[PDB]
Amino acid sequence: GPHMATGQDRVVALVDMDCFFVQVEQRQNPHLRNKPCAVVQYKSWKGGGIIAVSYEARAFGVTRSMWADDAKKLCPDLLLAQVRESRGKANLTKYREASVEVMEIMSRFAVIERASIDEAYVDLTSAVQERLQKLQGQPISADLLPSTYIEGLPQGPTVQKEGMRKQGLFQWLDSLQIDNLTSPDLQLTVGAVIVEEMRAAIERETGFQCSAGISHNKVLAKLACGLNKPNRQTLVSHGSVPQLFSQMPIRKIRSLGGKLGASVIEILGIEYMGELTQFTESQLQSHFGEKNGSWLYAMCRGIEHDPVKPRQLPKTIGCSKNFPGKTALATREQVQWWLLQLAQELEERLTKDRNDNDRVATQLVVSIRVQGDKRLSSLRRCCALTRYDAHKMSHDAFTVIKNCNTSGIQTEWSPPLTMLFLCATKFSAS
DNA sequence: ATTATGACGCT
DNA sequence: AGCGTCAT
Ligand SMILES: Nc1nc2c(ncn2[C@H]2C[C@H](O)[C@@H](COP(=O)(O)NP(=O)(O)OP(=O)(O)O)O2)c(=O)[nH]1
Ligand SMILES: [Mg+2]
Ligand SMILES: [Mg+2]
């Protein structure tokens with residue numbers, strides 16, 4: 001009743017760039033704009049692997065993880081941009097720099113948590129409080145929310161998408177009690193106004209479009225963001241959660257798309273997030289552990305406490321390359337040359353990171369996969385990272401992995417290596 | 001022969 | 001510390 005916390009204390013937004021790498025390539029090459037197009041890495045094997053897809057190309061069924069040759073079967077006029085190759089490997093520097101452009105604009109409005117190359121969480125609670133003081137009890141015009149959807153509306157007592165969007169927004173705004181500056185729905189609405197401004201600033205200053213979700217926590221903001229991509233933002237209120245979750249497959253919630261979500265489904269015999277409400281917190285903890293159980297008990301009621309971390313920069317800087325099937329490394333000189341290529345890219349990125357961000361990595365993590373191991377990493381070893389020198393880190397990485405070589409022969413490497421991965425971690429201010 | 005990362009939990 | 005999970 002009056003003591004049951006409802007998880008409405010914060011206003012959190014999630015901003016995700018639409019088909020990000022495609023937009024980066026379309027900005028650079030206007031010939032790609034407003035076309036079915038995709039970004040690929042490599043080319044020789046099946047045309048390259050697609051990692052990003054414009055919405056025009058998605059209409060033909062083109063997806064991430066497709067081979068370009070197969071995508072061209074679905075969409076013969078598909079345009080393709082390839083990721084840069086440097087030192088024999090894909091080099092994603094252009095997209096990391098574009099990401100910094102967007103993150104620096106977002107940081108003007110609030111402290112952000114960089115959650116990936118193309119998305120950031122924003123804690124707008126304080127900014128909403130400020131804007132509410134400025135508004136002085138003045139209602140919010142629909143003109144301030146020109147690209148906002150209100151999830152669950154319109155309801156009750158009408159054919160095009162924009163018309164539907166505007167009907168829902170009108171219902172929401174008419175139901176608002178703009179007197180109470182502590183009303184969570186009002187706070188969400190003001191948060192959406194601010195996110196409209198942030199998205200306008202990103203597009204004006206970078207050319208990139210994005211979508212966003214606004215809700216009371218990170219998981220609902222992320223879910224909301226997905227509901228109306230591209231180039232739109234969605235407000236998911238606390239009140240919208242029961243209907244939203246009543247048909248929402250468990251796997252759609254971030255962190256439940258893998259084995260844990262499958263076990264929720266199988267152990268409990270349920271399909272949708274809303275069905276979780278019928279179990280006690282202790283029941284969920286008994287099946288899925290204390291932390292997972294408490295998190296599920298709260299999440300299915302729309303409640304989640306994970307804070308928006310003040311972290312604009314990635315925590316690690318890493319370099320990896322697969323060597324599939326027959327290109328796997330089977331000689332000591334091969335392993336050395338590729339460790340050096342990866343180490344040279346890492347040294348470049350680390351040096352730029354130190355200059356930009358006033359920090360130094362102190363630990364080097366070396367991960368490999370061996371032929372016939374279905375795991376991501378077959379072996380992980382750390383060593384000290386004391387200087388930004390590629391020859392040094394590649395020799396150290398070799399020193400920490402060389403005992404994996406089964407070959408009694410010193411020239412060969414067996415079993416051959418199907419993946420090398422160098423990761424700089426444990427940053428300290430410098 | 002999806003690939004290249006990044007975050008984070010577990011023990 | 002090293003491994004597993006999840007994301008995409
Ligand atoms: N190297 C690599 N990059 C990837 C991979 N998957 C995604 N990316 C890169 C390419 C993506 O552009 C970028 C952001 O990932 P999203 O936000 O999940 N997809 P997007 O922004 O394209 O479309 P949406 O409008 O649905 O948000 O990450 C991958 O497996 N490997
Ligand atoms: Mg995106
Ligand atoms: Mg994203």
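In what follows, every chain begins at residue 1, and chains take the letters A, B, ... in the order their sequences are listed. Only this structure's heavy atoms are used, side chains among them; waters, hydrogens and symmetry mates stay out.
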### Message
Quick check against the 3.5 Å criterion: does A:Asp353 have a side-chain atom that pairs as donor or acceptor with the backbone of A:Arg349?
### Response
no
### Query
Would you say a side-chain N or O of A:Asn322 is under 4.0 Å from OP1 or OP2 of B:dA4?
yes
### Task
Nearest whole angstrom, please: distance from the P of B:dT5 to the CD of A:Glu119.
17 Å
### Message
Heavy atoms within less than 4.0 Å of DNA chain C: which residues of residues 41-72 of chain A have one? Give them sorted by number.
### Response
A:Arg64
### Summary
Residue pairs passing the salt bridge (charged side-chain N to carboxylate O under 4.0 Å, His left out) test with at least one member in residues 366-375 of chain A, sequence neighbours excluded, are A:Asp373-A:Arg375
#### Entry: Where at least one partner belongs to residues 223-232 of chain A, residue pairs that pass salt bridge (charged side-chain N to carboxylate O under 4.0 Å, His left out), sequence neighbours excluded
A:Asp16-A:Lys229, A:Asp18-A:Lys229
### Spacing of the P atoms in B:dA1 and C:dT8 (rounded, Å)
24 Å
## Note on the structure
Quick tally for nucleotides 6-11 of chain B: nucleotides whose base has a protein heavy atom under 4.0 Å get B, sugar-phosphate-only ones S, the rest -, giving SSS-S-
### Query
Pairs in or reaching into residues 109-125 of chain A: which pass side-chain hydrogen bond (donor to acceptor under 3.5 Å, both in side chains), with residues at least two apart or in two chains?
A:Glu113-A:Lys218, A:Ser116-A:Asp118, A:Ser116-A:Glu119, A:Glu119-A:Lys222, A:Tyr121-A:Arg254, A:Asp123-A:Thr125
### Message
Please report the distance, rounded to the nearest Å, between CG in A:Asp118 and P in C:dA7.
### Response
16 Å
### Message
Between A:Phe208 and A:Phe20, is the ring centroid distance below 6.0 Å?
### Response
yes
### Summary
A:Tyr95 OH to B:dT3 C1', in whole Å, measures 13 Å
Side-chain donor-acceptor pairs of residues 316-328 of chain A under 3.5 Å, sequence neighbours excluded:
residue  : atom : partner  : partner atom : Å
A:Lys321 : NZ   : A:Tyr42  : OH           : 3.4
A:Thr327 : OG1  : A:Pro324 : O            : 3.1

### Query
With respect to the side chain of A:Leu92, which nucleotide from C:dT8, B:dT3, B:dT5 is positioned closest?
B:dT5
### Query
Who pairs with A:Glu205 by salt bridge (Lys or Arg N to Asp or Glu O under 4.0 Å), at least two apart in sequence or on another chain?
A:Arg108
### Message
For A:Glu203, give me all partners under side-chain hydrogen bond (donor to acceptor under 3.5 Å, both in side chains), at least two apart in sequence or on another chain.
### Response
A:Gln209
### Query
Over how many whole Å does the gap from A:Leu379 atom CG to C:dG2 atom P extend?
8 Å
### Message
Per the salt bridge (charged side-chain N to carboxylate O under 4.0 Å, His left out) rule, what does the pair list look like for residues 384-398 of chain A, sequence neighbours excluded?
### Response
A:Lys392-A:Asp396
### Query
Rounded to whole angstroms, how far apart are CE on A:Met419 and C1' on C:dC3?
12 Å
### Query
Whole-Å distance between B:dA1 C1' and A:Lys374 NZ?
16 Å
## Note on the structure
For A:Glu56, the side-chain hydrogen bond (donor to acceptor under 3.5 Å, both in side chains) test, sequence neighbours excluded, returns A:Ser54
Using distance only, find each side-chain donor-acceptor pair of residues 192-202 of chain A under 3.5 Å and give its atom names and separation, not counting sequence neighbours.
residue  : atom : partner  : partner atom : Å
A:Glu196 : OE1  : A:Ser147 : OG           : 2.7
A:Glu196 : OE2  : A:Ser147 : N            : 2.8
A:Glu196 : OE2  : A:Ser147 : OG           : 3.3
A:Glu196 : OE2  : A:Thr148 : N            : 3.2
A:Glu196 : OE2  : A:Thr148 : OG1          : 2.8
A:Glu197 : OE1  : A:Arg131 : NH1          : 3.3
A:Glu197 : OE1  : A:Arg131 : NH2          : 2.6
A:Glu197 : OE2  : A:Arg131 : NH1          : 2.8
A:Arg199 : NE   : A:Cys210 : O            : 2.9
A:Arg199 : NH1  : A:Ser147 : OG           : 2.8
A:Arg199 : NH1  : A:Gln233 : OE1          : 3.0
A:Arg199 : NH2  : A:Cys210 : O            : 3.0
A:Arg199 : NH2  : A:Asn231 : O            : 3.3
A:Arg199 : NH2  : A:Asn231 : OD1          : 3.4

### Query
Looking at residues 253-276 of chain A, who's got a heavy atom less than 4.0 Å off DNA chain B?
none
